[PDB]
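Heads up, what comes next is one protein chain in two forms, each shown on its own as C-alpha cells, labelled structure 1 and structure 2.
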Structure 1
C-alpha cells in the first residue's frame, strides 16, 4: 500500500516531516519534561480519525501507556476544539497500560489481534502509540551488567513494532528521552513555543519547525 501520512496539526511540523508522520514507519520523538511529545501524541490520536482531506486516515488508534500520561480529558478537548465528537473520538482509542517492560512487549505482540480484527473495516488501526518506549527498560535494567539484555529486548520490541507498521500499514509513534526510526527532538523555544528538529533522516533534510500547544493540541 502507498505510504499514508497523518497531520501533526502543525503545518510547520508537517512540512519538516514531508507531510506528516508516515504509515509503515516508526516515528520516535525525544524530549524532556514539558517538551510537547505527549501533547503531540494526543493530537495525532485525534487527527488520524479525520478523513485524508482533513489530515487523517479515517483510522482507529491503539495506545500503550507506560507511565500514566494518557489524558482522556485532553483527547476530548482536542476533539471538540477541532469540531469532532469527543465521545466518538475516545471510543476509537484502544487504551492499554503497560506495567513493566515484559508486559509492554507482550502488549505489542498481542495488539496484532485487534489490528487483524479491524483491518478490513471502516476504521482500521492506523496509529499505534507507545508512550514511552523506554521508561520501563531504563527502570528495570540498571548498570552495565544489564545493558546487553536491555538492548536486545528493546531491539526485539522495535522489530515487532516495525513488523506491525509494515504489514498492516500503520503509523507507529513512540516517545523517548535522550533507521530503525525517524528521530525528532523537541525542545523549548521562545515565549512558550516548542521547536522540533529532525535528525539523521535518510531521505528528508534535517531542519527545524516551530510550533505551539493550544486547546487544539499541536498547531503552528
Structure 2
C-alpha cells in the first residue's frame, strides 16, 4: 500500500527527507541533548493532523514518553500559530508515560488496540512517537554483558514498532540521545545545534538519498526554515 509523507514544517528538512517522514518506516532522530529532537516530535504531532494538501495525513497521534518531556503547552502553541484549534489537536494525541523499558515494550502492544479502533475512522493513527527510544535501555542494561542483551531487547522493540508501521500504515518517529552499535531504524537523521542556534540535520548511512544538510529554526510554529 502506498506510503504517506508528513511534512516537518521546514522546506529544507522536507527536501532532505524526500517530502517528509514516511509511513511504513521508523525514522530515528539522534543527537546530543538540546539538539531539537523533542521539538521535531512536537511539531510532527501537529503537522500529521493537517489535511494532505497541507502536508499532513488527517491523522491521530500516539506518544510514548520516557523522560517526561511531552509538553501540551508546546502543542498548543504550534497548533494555534498554524491556524488550528489547540484543544482539538491535543484531543487527537493519545499519550502514555513508560515507567521502564519493559513497560515501554508492552505499551507498543497496548497501542495496537487504539490503532485498530481508529483505523477505518476519518482520523486513523498516522504517527507513533517514542521519545526517548533508548533512555530506559541505557539505564537498565549496563555493564559487562549488557551490550548484547540491550541490543537484542532494543531490536525486538524496534521489530514490534516496524510491524505497527507496516501493518497499519503509520509513521514511527523515535529519538535517541547520542554523545559502533547496530541500528535497525529505517532512516537515521543526525541533528545538531549549530551557530546562532540554527538546527542542522544530515541523513546517516543513506547513500542514495540527498547528500547535503537541512537547516531550520525552532519557532512558535514548531520548526520553520
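We call the rigid core whatever largest set of C-alpha positions still superposes within 1.5 Å between the two forms. Positions refer to the first chain, counted from 1.
- Relative to the superposed core, residue 18 shifts its CA atom by less than 2 Å between structures 1 and 2.
- With both forms fitted on their core, the C-alpha atom of residue 202 sits 5.8 Å from where it sits in the other form; this compares the forms between structures 1 and 2.
- Relative to the superposed core, residue 33 has its Cα moved 1.5 Å between structures 1 and 2.
- Superposing the rigid core and comparing between structures 1 and 2 gives a CA shift of 0.4 Å at residue 133.
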